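Remarks on the structure that follows.
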Amino acid sequence: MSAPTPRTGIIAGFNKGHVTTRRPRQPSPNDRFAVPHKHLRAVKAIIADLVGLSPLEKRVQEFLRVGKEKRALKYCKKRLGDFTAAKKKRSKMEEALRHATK
Amino acid sequence: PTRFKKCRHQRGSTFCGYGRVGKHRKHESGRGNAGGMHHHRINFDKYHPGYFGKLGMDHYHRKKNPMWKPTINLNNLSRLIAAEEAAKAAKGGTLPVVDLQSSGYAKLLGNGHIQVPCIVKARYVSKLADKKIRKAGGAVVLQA
Amino acid sequence: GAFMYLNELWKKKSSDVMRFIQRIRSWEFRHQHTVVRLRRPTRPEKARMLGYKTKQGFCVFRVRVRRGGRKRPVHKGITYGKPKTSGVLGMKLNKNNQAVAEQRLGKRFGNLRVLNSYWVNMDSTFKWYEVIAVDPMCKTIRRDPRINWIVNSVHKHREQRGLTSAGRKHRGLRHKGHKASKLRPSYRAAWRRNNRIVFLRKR
Amino acid sequence: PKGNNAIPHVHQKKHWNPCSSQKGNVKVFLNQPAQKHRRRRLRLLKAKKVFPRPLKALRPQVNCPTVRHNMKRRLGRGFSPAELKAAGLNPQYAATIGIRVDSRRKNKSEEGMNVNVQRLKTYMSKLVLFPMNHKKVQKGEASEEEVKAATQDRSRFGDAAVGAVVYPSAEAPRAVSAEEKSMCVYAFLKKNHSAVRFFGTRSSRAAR
Amino acid sequence: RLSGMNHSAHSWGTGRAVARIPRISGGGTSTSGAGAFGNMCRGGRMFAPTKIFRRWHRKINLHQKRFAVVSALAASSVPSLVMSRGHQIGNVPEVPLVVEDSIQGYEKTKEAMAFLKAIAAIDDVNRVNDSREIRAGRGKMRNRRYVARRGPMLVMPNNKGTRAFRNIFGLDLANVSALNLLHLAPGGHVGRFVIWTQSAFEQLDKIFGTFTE
RNA sequence: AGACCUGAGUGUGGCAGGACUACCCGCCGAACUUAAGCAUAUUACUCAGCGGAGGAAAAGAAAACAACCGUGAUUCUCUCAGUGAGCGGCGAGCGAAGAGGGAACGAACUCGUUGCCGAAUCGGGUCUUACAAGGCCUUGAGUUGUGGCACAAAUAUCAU
RNA sequence: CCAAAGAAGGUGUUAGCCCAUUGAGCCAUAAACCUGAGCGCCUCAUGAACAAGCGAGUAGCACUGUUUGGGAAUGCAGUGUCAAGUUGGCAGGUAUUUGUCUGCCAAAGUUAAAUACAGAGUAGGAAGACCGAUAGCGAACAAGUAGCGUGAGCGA
Ligand SMILES: [K+]
Ligand SMILES: [K+]
Ligand SMILES: [K+]
Ligand SMILES: [K+]
Ligand SMILES: [K+]
Ligand SMILES: [K+]
Ligand SMILES: [K+]
Ligand SMILES: [K+]
Ligand SMILES: [K+]
Ligand SMILES: [K+]
Ligand SMILES: [K+]
Ligand SMILES: [K+]
Ligand SMILES: [Mg+2]
Ligand SMILES: [Mg+2]
Ligand SMILES: [Mg+2]
Ligand SMILES: [Mg+2]
Ligand SMILES: [Mg+2]
Ligand SMILES: [Mg+2]
Ligand SMILES: [Mg+2]
Ligand SMILES: [Mg+2]
Ligand SMILES: [Mg+2]
Ligand SMILES: [Mg+2]
Ligand SMILES: [Mg+2]
Ligand SMILES: [Mg+2]
Ligand SMILES: [Mg+2]
Ligand SMILES: [Mg+2]
Ligand SMILES: [Mg+2]
Ligand SMILES: [Mg+2]
Ligand SMILES: [Mg+2]
Ligand SMILES: [Mg+2]
Ligand SMILES: [Mg+2]
Ligand SMILES: [Mg+2]
Ligand SMILES: [Mg+2]
Ligand SMILES: [Mg+2]
Ligand code: NA
Ligand code: NA
Ligand code: NA
Ligand code: NA
């Protein structure tokens with residue numbers, strides 16, 4: 001764990017600020033939020049296989065079957081409100097299409 | 001005190017300095033700053049120019065702690081030095097050290113003649129202040 | 001555990017199987033009363049999350065609230081005053097339907113203490129919430145350290161004062177800092193602080 | 001007439017005045033001396049009740065946040081578990097011998113950690129721990145002479161054992177360095193300032 | 001705030017041959033139709049009813065307070081100013097009057113009275129004693145029934161020694177560490193008769209300072 | 001026959017109901033007024049109306065500030081600040097927050113989850129001077145999960 | 001003559017010594033309270049050393065209404081639509097698409113103090129540069145009374 005870059009001791013600059021002996025960022029219980037969740041993913045996969053697809057997912061999968069993937073992204077963005085969520089949903093549907101073929 | 005007010009001198013006057021013709025009515029010109037663009041425009045325009053309109057950008061959520069930057073000049077630097085240290089201070093020798101951020105200042109400006117040479121620790125400085133204090137036998141040390 | 005599977009199953013609410021279950025349930029609920037006592041919660045995972053325990057003294061009631069916006073109850077839609085306060089149909093209640101259901105349950109059954117509630121179903125005209133209630137006179141409740149607090153008098157009709165989760169939601173206590181500065185501890189308290197005229201003794 | 005006066009913005013157009021028909025919105029301080037007396041009497045009563053323990057629990061020394069105040073020091077909410085561990089104390093046990101603990105506070109530097117570790121060391125050196133049983137005294141527990149000679153701190157900040165918060169000492173007078181007579185401090189500071197002021201535009205120009 | 005305004009009290013109008021002041025509503029009473037809601041009407045509301053927001057207390061600069069106390073102390077040492085303020089000091093040995101600290105060990109009011117007779121403050125004490133009387137107005141109907149003159153003020157170095165002096169009528173007790181201007185210049189008049197203990201006298205230079213120190 | 005699911009009747013043991021309502025919590029909510037007119041605005045997130053607690057109430061243990069050399073639940077005070085914030089027929093008017101000095105403060109805990117257990121749990125009888133945080137019994141309730149142990153102030157617990 | 005008591009009430013005029021008061025103290029106590037977490041006994045507890053998860057019609061988002069200093073939206077409500085969790089989410093006060101950084105981890109719950117009492121009570125106190133019987137509460141008095149109104153109410 002690299003020690004942080006020391007400050008320069010002046011009020012302006014790239015590493016401006018009073019000079020102290022900086023300590024590294026200590027581990028936190030919240031650090032486990034970025035770790036992959038294998039059991040949660042397995043439970044979600046079982047539930048998804050059990051229940052099937054939602055109407056949004058069916059519409060996006062048909063959009064992806066034909067060449068229109070930008071329109072699938074637009075539809076996802078309209079339904080979800082966020083571009084990151086739309087891209088995640090489109091990627092999940094692409095992976096589901098690949099899994100269905102294979 | 002009520003005994004010093006004009007109400008006591010006007011006992012028996014029946015008008016209290018407001019006249020028989022005009023009288024003292026409730027609100028004869030509106031309430032507050034009413035009519036600053038009509039029927040009080042002369043007053044507003046000759047006594048408070050610039051009142052109406054818009055100017056400049058908008059700084060949403062202005063925190064004034066980040067902008068804190070008091071200034072001190074070169075001829076005022078003896079306020080931050082004890083008398084005995086200024087007694088011994090001289091060019092080419094041991095000089096008192098002034099910490100501006102601990103004394104309450106951020107920038108050294110440099111107007112006038114510096115009375116006592118010293119080493120000034122300052123966050124900011126002017127070019128004229130830096131040059132003048134270096135000529136006078138002192139110095140500036142940047143701090144944060 | 002099984003909780004993970006039930007939780008994911010209830011997160012998949014738009015699937016075919018859950019839509020079928022919810023349609024049958026909405027029909028069955030539509031053909032019942034406004035307030036219905038249940039032996040067991042329809043969603044045990046959600047009930048246990050919100051505070052329900054399968055112990056003596058815990059009760060579940062399903063409460064039904066009609067859907068849609070508020071109508072101002074002015075005669076013939078006639079309002080007098082400025083045209084600003086003239087809308088009769090486009091106004092909205094400043095309190096959510098979950099809070100309304102909790103308050104209806106608590107006002108109907110005054111011997112119980114309302115703890116929480118959760119959404120179970122909704123159709124084109126109705127919305128159903130399951131409300132958890134606790135009996136303050138039960139020995140199991142009065143001797144359990146984790147539900148003991150509800151026996152005290154400050155918790156009488158907390159749902160009517162908006163101290164439940166839905167009450168906090170519509171009061172704005174879901175937010176902190178610069179998002180709820182004028183809403184804390186309450187908007188009335190902030191208004192009092194900001195508007196009271198202060199007269200220091202020596203001034 | 002009106003004449004030349006400041007434009008008034010007195011802000012009294014609400015129903016603050018208590019009259020007939022109006023409850024009012026006012027706050028008078030006529031109970032200020034009585035409340036000061038009550039607070040002092042309650043503090044003395046609490047000190048008598050919690051005798052011989054210090055009235056105020058031990059608190060750390062912290063730096064004030066913004067750049068306007070970062071040169072100032074004050075008392076924190078409590079000692080971090082890192083500082084307690086460095087001083088050799090369990091946080092849960094320290095919470096029982098009158099030490100405030102703060103799990104939220106992070107130590108981003110060694111100086112502010114060392115000052116608080118020194119505070120903890122001084123407090124634990126001056127601490128007198130009464131035995132649970134005076135007949136069987138365990139390790140690290142006071143004897144009967146220390147128990148009988150105990151005294152209460154009763155200080156406003158609870159810092160008689162460790163003193164007030166320490167500040168950096170003033171630099172002694174010295175001579176100007178040869179590099180200090182020649183270096184252009186304004187040029188150095190302006191170069192450093194402009195490096196950040198025009199970082200994005202310089203990078204864009206270099207890329208294009 | 002409700003006083004004088006706790007009525008319906010609407011105005012009758014102008015068609016009836018009466019003034020337009022609001023009149024009390026109803027009938028069957030002597031108060032019906034009586035004028036209400038006015039400083040001139042009987043049972044009405046006073047002009048500008050008094051509030052508790054009035055500025056009762058004042059801020060005085062610390063240096064100005066210290067200057068006032070210092071001036072009162074300086075004036076207390078001039079025998080002619082003390083004489084002109086009203087005190088009977090025609091037999092006291094010296095002004096400023098400084099006595100030994102052995103009076104702090106007195107346990108009996110008769111010992112205190114003997115000391116007062118010895119140092120000849122008994123003339124001023126008798127002055128206030130003879131001056132005691134009943135107040136001359138509504139103050140005695142309030143809790144201000146009796147009045148008397150001021151008399152000497154005995155200053156002690158600390159809080160001890162007042163046991164024999166607390167019950168003497170016409171003698172005030174003071175602590176050198178906390179000197180009050182309302183007692184050094186009663187009524188705003190400088191030249192109070194002050195009896196110093198030796199220790200209180202020697203504390204004065206350190207308490208108030210010097211022109212240079 | 002029987003079960004258990006859903007729902008009744010009765011017995012037995014309880015509780016709710018009204019008053020108060022200064023303050024406090026939730027809703028609902030004007031207008032006169034001011035803008036020298038008036039419709040946005042203002043009055044005012046106020047009066048009146050309808051609920052609900054308590055000696056206080058509410059809030060409260062960071063999905064917090066910040067941008068520091070950083071701080072550290074809530075509440076309150078002075079200050080910030082009638083603001084070179086902002087909002088506004090940018091008019092009349094309106095209008096906060098962080099930081100700082102303080103008050104207070106032994107201030108923190110509980111559940112769901114996840115692991116590992118799994119009825120060890122709860123009522124009810126009866127006994128112990130005991131409607132015991134105890135023993136014994138009990139299908140009565142509960143396995144559609146009550147209870148235990150460990151989750152950062154942490155690094156096992158469980159024996160003997 | 002008394003004063004460790006001068007305290008201001010009463011008594012046929014203006015009372016330290018006529019009376020009551022003005023102090024150490026003394027006596028008596030359901031429970032609670034406080035006191036080596038006072039102290040025994042029985043009983044019952046109990047301390048120290050001998051890998052995965054983390055709160056879903058939720059958070060968003062759209063439209064509408066409202067609220068806010070919050071402004072390409074500060075909160076909230078209705079309805080539609082509806083996540084992530086293996087660039088994990090949320091905040092960082094100019095909307096967008098990026099990618100860096102910082103702080104934090106929502107959608108169960110409990111919690112004392114410092115704070116209010118702006119027309120409340122209960123049991124007490126201290127008062128006042130206040131009012132002084134057309135005043136001060138409507139009410140110094142068998143006053144919310146007598147009286148008045150179908151009544152809500154009004155009210156000496
Ligand atoms: K409706
Ligand atoms: K209308
Ligand atoms: K605040
Ligand atoms: K002053
Ligand atoms: K007008
Ligand atoms: K408003
Ligand atoms: K502070
Ligand atoms: K008397
Ligand atoms: K991040
Ligand atoms: K709470
Ligand atoms: K309050
Ligand atoms: K009260
Ligand atoms: Mg005049
Ligand atoms: Mg005129
Ligand atoms: Mg509404
Ligand atoms: Mg709050
Ligand atoms: Mg012990
Ligand atoms: Mg009156
Ligand atoms: Mg007279
Ligand atoms: Mg109201
Ligand atoms: Mg309190
Ligand atoms: Mg509370
Ligand atoms: Mg406003
Ligand atoms: Mg459990
Ligand atoms: Mg013990
Ligand atoms: Mg014992
Ligand atoms: Mg939603
Ligand atoms: Mg508005
Ligand atoms: Mg607004
Ligand atoms: Mg969470
Ligand atoms: Mg007084
Ligand atoms: Mg009369
Ligand atoms: Mg009267
Ligand atoms: Mg009357
Ligand atoms: Na006189
Ligand atoms: Na009630
Ligand atoms: Na503060
Ligand atoms: Na006395």
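Ordered as shown in the structure tokens, chains take letters A, B, and onward, while each chain numbers its residues from 1 and ligands are numbered from 1 in the order shown.
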
**Report entry** Within 10 Å of ligand 37 (only C-alpha atoms (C1' of nucleotides) and all ligand atoms), residues as a list in words
**Finding:** residues 76, 77, 78, 79, 99, 100, 101, 102 and 103 of chain F

Keeping C-alpha atoms (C1' of nucleotides), export the residues of the selection given above as a PDB file, in the first residue's frame.
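After the write, part.pdb holds the following:
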ATOM      1  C1'   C F  76     -29.398  24.399  21.401  1.00  0.00           C
ATOM      2  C1'   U F  77     -26.601  29.315  21.892  1.00  0.00           C
ATOM      3  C1'   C F  78     -23.435  33.401  19.958  1.00  0.00           C
ATOM      4  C1'   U F  79     -21.630  34.048  15.212  1.00  0.00           C
ATOM      5  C1'   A F  99     -16.378  26.643   9.242  1.00  0.00           C
ATOM      6  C1'   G F 100     -15.298  29.279  14.495  1.00  0.00           C
ATOM      7  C1'   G F 101     -16.332  30.342  20.245  1.00  0.00           C
ATOM      8  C1'   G F 102     -19.601  27.687  23.422  1.00  0.00           C
ATOM      9  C1'   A F 103     -24.028  24.571  26.299  1.00  0.00           C
TER      10        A F 103
END

Hey, which bits of chain D sit within 10 Å of chain E, and for each residue what's the closest pair of atoms and how far apart in Å (one decimal), counting only C-alpha atoms, rows by chain and increasing number, as JSON lines?
{"residue": "D:17", "atom": "CA", "partner": "E:51", "partner_atom": "CA", "distance": 9.5}
{"residue": "D:18", "atom": "CA", "partner": "E:1", "partner_atom": "CA", "distance": 6.8}
{"residue": "D:19", "atom": "CA", "partner": "E:1", "partner_atom": "CA", "distance": 5.1}
{"residue": "D:20", "atom": "CA", "partner": "E:2", "partner_atom": "CA", "distance": 5.2}
{"residue": "D:21", "atom": "CA", "partner": "E:2", "partner_atom": "CA", "distance": 8.1}
{"residue": "D:22", "atom": "CA", "partner": "E:1", "partner_atom": "CA", "distance": 8.8}
{"residue": "D:23", "atom": "CA", "partner": "E:1", "partner_atom": "CA", "distance": 8.9}
{"residue": "D:26", "atom": "CA", "partner": "E:53", "partner_atom": "CA", "distance": 8.8}
{"residue": "D:27", "atom": "CA", "partner": "E:53", "partner_atom": "CA", "distance": 9.0}
{"residue": "D:28", "atom": "CA", "partner": "E:53", "partner_atom": "CA", "distance": 7.0}
{"residue": "D:29", "atom": "CA", "partner": "E:53", "partner_atom": "CA", "distance": 9.7}
{"residue": "D:30", "atom": "CA", "partner": "E:52", "partner_atom": "CA", "distance": 9.0}

Export C-alpha atoms of the chosen residues as a PDB file, in the first residue's frame?
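The result, stored in out-v5.pdb:
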ATOM      1  CA  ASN D  17     -45.254  41.032  17.541  1.00  0.00           C
ATOM      2  CA  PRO D  18     -47.444  39.519  20.286  1.00  0.00           C
ATOM      3  CA  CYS D  19     -50.598  41.624  20.266  1.00  0.00           C
ATOM      4  CA  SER D  20     -54.282  40.855  20.433  1.00  0.00           C
ATOM      5  CA  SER D  21     -55.077  38.363  17.632  1.00  0.00           C
ATOM      6  CA  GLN D  22     -51.384  37.386  17.327  1.00  0.00           C
ATOM      7  CA  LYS D  23     -49.492  34.882  19.457  1.00  0.00           C
ATOM      8  CA  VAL D  26     -40.245  36.328  19.923  1.00  0.00           C
ATOM      9  CA  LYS D  27     -37.430  35.077  22.143  1.00  0.00           C
ATOM     10  CA  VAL D  28     -36.367  37.136  25.167  1.00  0.00           C
ATOM     11  CA  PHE D  29     -33.309  36.281  27.260  1.00  0.00           C
ATOM     12  CA  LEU D  30     -34.668  37.423  30.631  1.00  0.00           C
TER      13      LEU D  30
END

Query - Residues within 10 Å of residue F:46, only C-alpha atoms (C1' of nucleotides), excluding chain neighbours under 6 positions, as a list in words - result: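 Final neighbour list, sorted by chain and number: residues 14 and 15 of chain D; 29 and 30 of chain F.
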
Export of prior selection with N, CA, C and O atoms (P, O5', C5', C4', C3', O3' and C1' of nucleotides) as a PDB file, in the first residue's frame:
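The resulting again_23.pdb:
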ATOM      1  N   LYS D  14     -43.696  40.084   9.037  1.00  0.00           N
ATOM      2  CA  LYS D  14     -44.424  38.922   9.522  1.00  0.00           C
ATOM      3  C   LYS D  14     -45.012  39.207  10.900  1.00  0.00           C
ATOM      4  O   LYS D  14     -44.669  40.185  11.566  1.00  0.00           O
ATOM      5  N   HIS D  15     -45.916  38.326  11.328  1.00  0.00           N
ATOM      6  CA  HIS D  15     -46.642  38.507  12.585  1.00  0.00           C
ATOM      7  C   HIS D  15     -45.788  38.004  13.749  1.00  0.00           C
ATOM      8  O   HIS D  15     -46.061  36.980  14.377  1.00  0.00           O
TER       9      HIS D  15
ATOM     10  P     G F  29     -55.772  21.985   1.311  1.00  0.00           P
ATOM     11  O5'   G F  29     -55.708  23.375   2.114  1.00  0.00           O
ATOM     12  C5'   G F  29     -56.926  24.134   2.295  1.00  0.00           C
ATOM     13  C4'   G F  29     -56.689  25.217   3.316  1.00  0.00           C
ATOM     14  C3'   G F  29     -55.778  26.370   2.888  1.00  0.00           C
ATOM     15  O3'   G F  29     -56.459  27.346   2.114  1.00  0.00           O
ATOM     16  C1'   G F  29     -55.127  25.613   5.017  1.00  0.00           C
ATOM     17  P     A F  30     -56.049  27.620   0.586  1.00  0.00           P
ATOM     18  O5'   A F  30     -55.208  28.997   0.535  1.00  0.00           O
ATOM     19  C5'   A F  30     -55.092  29.818   1.722  1.00  0.00           C
ATOM     20  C4'   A F  30     -56.427  30.450   2.023  1.00  0.00           C
ATOM     21  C3'   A F  30     -56.531  31.963   1.813  1.00  0.00           C
ATOM     22  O3'   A F  30     -56.942  32.279   0.491  1.00  0.00           O
ATOM     23  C1'   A F  30     -57.294  31.408   3.984  1.00  0.00           C
TER      24        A F  30
END

Mind dumping a table of every chain G residue within 12 Å of chain D, with the nearest atom pair and its distance in Å to one decimal, using only C-alpha atoms (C1' of nucleotides), sorted by chain and rising number, as a Markdown table?
| residue | atom | partner | partner_atom | distance |
| --- | --- | --- | --- | --- |
| G:34 | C1' | D:49 | CA | 9.6 |
| G:35 | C1' | D:49 | CA | 10.8 |
| G:36 | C1' | D:133 | CA | 7.4 |
| G:37 | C1' | D:132 | CA | 9.4 |
| G:48 | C1' | D:138 | CA | 11.6 |
| G:103 | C1' | D:104 | CA | 11.5 |
| G:104 | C1' | D:104 | CA | 10.9 |
| G:113 | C1' | D:42 | CA | 11.6 |
| G:114 | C1' | D:39 | CA | 9.6 |
| G:116 | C1' | D:27 | CA | 10.7 |
| G:118 | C1' | D:23 | CA | 5.1 |
| G:119 | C1' | D:23 | CA | 8.7 |
| G:126 | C1' | D:34 | CA | 11.8 |

Requested in this report: Compile the contact shell of residue F:97 as a list in words: residues with an atom at most 12 Å away, counting only C-alpha atoms (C1' of nucleotides), same-chain residues fewer than 5 positions apart removed.
Outcome: residues 60, 61, 62, 63 and 64 of chain B; 177, 178, 179, 180, 181 and 182 of chain C; 65, 80, 81, 83, 85 and 86 of chain F; 69, 70 and 93 of chain G

Report task. Can you tell me which residues come within 10 Å of ligand 27 when counting only C-alpha atoms (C1' of nucleotides) and all ligand atoms, ideally as a list in words? Result ->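 Residues lying within 10 Å of ligand 27: residues 56, 57, 58, 59, 60, 61, 81 and 82 of chain G.
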
Please write the residues from the selection above to a file, keeping N, CA, C and O atoms (P, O5', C5', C4', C3', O3' and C1' of nucleotides), as a PDB file, in the first residue's frame.
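Printed below is part18.pdb as written:
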ATOM      1  P     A G  56     -34.840  -4.734   0.217  1.00  0.00           P
ATOM      2  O5'   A G  56     -36.261  -4.069  -0.110  1.00  0.00           O
ATOM      3  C5'   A G  56     -36.287  -2.710  -0.600  1.00  0.00           C
ATOM      4  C4'   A G  56     -37.147  -2.642  -1.835  1.00  0.00           C
ATOM      5  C3'   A G  56     -37.954  -3.899  -2.182  1.00  0.00           C
ATOM      6  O3'   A G  56     -39.190  -3.520  -2.767  1.00  0.00           O
ATOM      7  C1'   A G  56     -36.599  -3.356  -3.981  1.00  0.00           C
ATOM      8  P     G G  57     -40.593  -3.933  -2.106  1.00  0.00           P
ATOM      9  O5'   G G  57     -41.492  -2.617  -2.307  1.00  0.00           O
ATOM     10  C5'   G G  57     -42.413  -2.574  -3.422  1.00  0.00           C
ATOM     11  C4'   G G  57     -41.957  -1.525  -4.403  1.00  0.00           C
ATOM     12  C3'   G G  57     -42.948  -0.387  -4.683  1.00  0.00           C
ATOM     13  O3'   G G  57     -42.277   0.830  -4.978  1.00  0.00           O
ATOM     14  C1'   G G  57     -42.397  -1.403  -6.676  1.00  0.00           C
ATOM     15  P     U G  58     -41.876   1.878  -3.830  1.00  0.00           P
ATOM     16  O5'   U G  58     -40.683   1.115  -3.072  1.00  0.00           O
ATOM     17  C5'   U G  58     -40.179   1.658  -1.833  1.00  0.00           C
ATOM     18  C4'   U G  58     -38.674   1.599  -1.859  1.00  0.00           C
ATOM     19  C3'   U G  58     -37.982   2.709  -2.652  1.00  0.00           C
ATOM     20  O3'   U G  58     -37.821   3.872  -1.855  1.00  0.00           O
ATOM     21  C1'   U G  58     -37.011   0.600  -3.167  1.00  0.00           C
ATOM     22  P     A G  59     -38.057   5.332  -2.477  1.00  0.00           P
ATOM     23  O5'   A G  59     -36.652   5.664  -3.185  1.00  0.00           O
ATOM     24  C5'   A G  59     -35.436   5.517  -2.416  1.00  0.00           C
ATOM     25  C4'   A G  59     -34.259   5.505  -3.358  1.00  0.00           C
ATOM     26  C3'   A G  59     -34.365   6.412  -4.584  1.00  0.00           C
ATOM     27  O3'   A G  59     -34.083   7.766  -4.263  1.00  0.00           O
ATOM     28  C1'   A G  59     -33.591   4.298  -5.245  1.00  0.00           C
ATOM     29  P     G G  60     -34.701   8.953  -5.146  1.00  0.00           P
ATOM     30  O5'   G G  60     -33.686   8.997  -6.393  1.00  0.00           O
ATOM     31  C5'   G G  60     -34.222   9.285  -7.703  1.00  0.00           C
ATOM     32  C4'   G G  60     -33.419   8.552  -8.748  1.00  0.00           C
ATOM     33  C3'   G G  60     -33.857   8.789 -10.196  1.00  0.00           C
ATOM     34  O3'   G G  60     -33.092   9.830 -10.786  1.00  0.00           O
ATOM     35  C1'   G G  60     -33.943   6.483  -9.723  1.00  0.00           C
ATOM     36  P     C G  61     -33.722  11.291 -10.992  1.00  0.00           P
ATOM     37  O5'   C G  61     -34.205  11.260 -12.528  1.00  0.00           O
ATOM     38  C5'   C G  61     -33.530  10.376 -13.451  1.00  0.00           C
ATOM     39  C4'   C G  61     -34.551   9.749 -14.365  1.00  0.00           C
ATOM     40  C3'   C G  61     -35.782  10.602 -14.684  1.00  0.00           C
ATOM     41  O3'   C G  61     -35.519  11.607 -15.653  1.00  0.00           O
ATOM     42  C1'   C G  61     -36.443   8.388 -14.217  1.00  0.00           C
ATOM     43  P     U G  81     -46.509   1.230 -16.349  1.00  0.00           P
ATOM     44  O5'   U G  81     -44.914   1.288 -16.548  1.00  0.00           O
ATOM     45  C5'   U G  81     -44.376   1.870 -17.759  1.00  0.00           C
ATOM     46  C4'   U G  81     -42.994   2.398 -17.472  1.00  0.00           C
ATOM     47  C3'   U G  81     -42.044   1.432 -16.760  1.00  0.00           C
ATOM     48  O3'   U G  81     -41.462   0.515 -17.675  1.00  0.00           O
ATOM     49  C1'   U G  81     -41.925   3.567 -15.748  1.00  0.00           C
ATOM     50  P     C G  82     -40.716  -0.804 -17.150  1.00  0.00           P
ATOM     51  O5'   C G  82     -39.364  -0.200 -16.523  1.00  0.00           O
ATOM     52  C5'   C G  82     -38.548  -1.052 -15.694  1.00  0.00           C
ATOM     53  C4'   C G  82     -37.909  -0.240 -14.598  1.00  0.00           C
ATOM     54  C3'   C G  82     -37.583  -1.013 -13.319  1.00  0.00           C
ATOM     55  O3'   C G  82     -36.396  -1.772 -13.480  1.00  0.00           O
ATOM     56  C1'   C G  82     -38.588   1.044 -12.761  1.00  0.00           C
TER      57        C G  82
END

Could you give me, as CSV, every chain C residue with an atom at most 12 Å from ligand 36, plus its closest atom pair and distance in Å to one decimal, counting only C-alpha atoms and all ligand atoms, rows ordered by chain then number?
residue,atom,partner,partner_atom_place_in_ligand_line,distance
C:107,CA,ligand 36,1 (Na),10.5
C:110,CA,ligand 36,1 (Na),10.1
C:156,CA,ligand 36,1 (Na),10.8
C:157,CA,ligand 36,1 (Na),10.3
C:160,CA,ligand 36,1 (Na),11.9

**Report entry** Neighbours of chain E in chain C at 8 Å, counting only C-alpha atoms, as a list in words
**Finding:** residues 199, 201, 202 and 203 of chain C

Contact check, chain G to ligand 30, at most 10 Å, counting only C-alpha atoms (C1' of nucleotides) and all ligand atoms, closest pairs as CSV:
residue,atom,partner,partner_atom_place_in_ligand_line,distance
G:54,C1',ligand 30,1 (Mg),6.5
G:55,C1',ligand 30,1 (Mg),6.3
G:89,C1',ligand 30,1 (Mg),9.5
G:105,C1',ligand 30,1 (Mg),6.1
G:106,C1',ligand 30,1 (Mg),6.3
G:107,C1',ligand 30,1 (Mg),7.9

Do you have, as a Markdown table, the list of residues of chain D lying at most 10 Å from ligand 7, each with its nearest atom pair and that distance in Å to one decimal, counting only C-alpha atoms and all ligand atoms and ordered by chain then number?
| residue | atom | partner | partner_atom_place_in_ligand_line | distance |
| --- | --- | --- | --- | --- |
| D:64 | CA | ligand 7 | 1 (K) | 9.2 |
| D:74 | CA | ligand 7 | 1 (K) | 8.9 |
| D:75 | CA | ligand 7 | 1 (K) | 9.2 |
| D:76 | CA | ligand 7 | 1 (K) | 9.4 |

Written selection (N, CA and C atoms) as a tab-separated table (two decimals), in the first residue's frame:
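File written: result.tsv
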chain	number	residue	atom	x	y	z
D	64	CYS	N	-8.60	22.41	13.14
D	64	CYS	CA	-9.83	22.94	12.58
D	64	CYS	C	-9.81	22.79	11.06
D	74	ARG	N	-8.12	22.48	18.54
D	74	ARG	CA	-9.20	22.43	19.51
D	74	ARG	C	-9.32	21.00	20.01
D	75	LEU	N	-10.41	20.72	20.72
D	75	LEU	CA	-10.69	19.40	21.28
D	75	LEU	C	-11.62	18.64	20.35
D	76	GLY	N	-11.33	17.35	20.14
D	76	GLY	CA	-12.15	16.52	19.28
D	76	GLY	C	-13.26	15.82	20.04

Report task. Throw together the list of residues within 10 Å of ligand 26, counting only C-alpha atoms (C1' of nucleotides) and all ligand atoms, and drop it here as a VMD selection string. Result -> chain G and resid 36 38 to 40

Report task. List every residue of stretch 1-195 of chain C that DSSP, applied to the backbone of this structure, assigns to strand (DSSP E), and report them as a PyMOL selection string. Result -> chain C and resi 35-38+58-66+113-122+126-134

Requested in this report: Pick out the residues sitting within 9 Å of residue E:38, and hand them over as a VMD selection string; count only C-alpha atoms (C1' of nucleotides), and ignore anything fewer than 6 positions along from it in its own chain.
Outcome: chain E and resid 4 to 5 21 to 22 44 to 47

Serialized selection, C-alpha atoms, as a compact mmCIF listing (two decimals), in the first residue's frame:
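What ended up in part20.txt:
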# COMPACT_ATOMS: atom_id res chain seq x y z
CA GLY E 4 -58.92 45.71 26.81
CA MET E 5 -59.50 43.83 23.54
CA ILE E 21 -65.99 54.14 18.21
CA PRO E 22 -66.54 50.37 18.56
CA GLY E 44 -60.42 49.86 26.62
CA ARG E 45 -56.85 49.18 25.60
CA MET E 46 -54.05 51.53 26.61
CA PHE E 47 -52.15 53.44 23.95
